[PDB]
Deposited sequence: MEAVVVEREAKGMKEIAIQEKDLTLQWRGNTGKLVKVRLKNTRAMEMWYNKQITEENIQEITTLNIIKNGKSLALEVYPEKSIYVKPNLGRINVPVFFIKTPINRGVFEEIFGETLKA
């Protein structure tokens, strides 16, 4: 287990059908640049993460990912990390949590 918290405002969320299951989350370009400088997530360490703790509106939601599926996608200038979400969660409850 390795958990990283990421504020929701830094993620582009892909919901199946726009309203269904959360399929994947992609880091925004600016936050990705920042992480590159800091080595916060790297191509070499990305698959160590098993949980994303999504932060927003003073609330937090831990979501397991499929670590074998985590990848960098182009780009922007540099590639951005993408996580495939394993814990089932749908858009309605996600919106309810974060308000």
Which segments of the deposited sequence lack C-alpha coordinates in the modelled structure, numbering from residue 1?
1-12, 88-89, 114-118
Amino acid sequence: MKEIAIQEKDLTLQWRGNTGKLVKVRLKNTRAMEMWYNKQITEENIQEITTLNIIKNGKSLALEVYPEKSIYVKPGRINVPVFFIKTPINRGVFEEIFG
From here on, numbers count along this sequence of modelled residues.
Regarding 76-84 and 9-17, which shows the higher C-alpha temperature factor on average in the entry?
76-84
Highest mean C-alpha temperature factor of the two stretches 33-41 and 66-74, which is it?
66-74
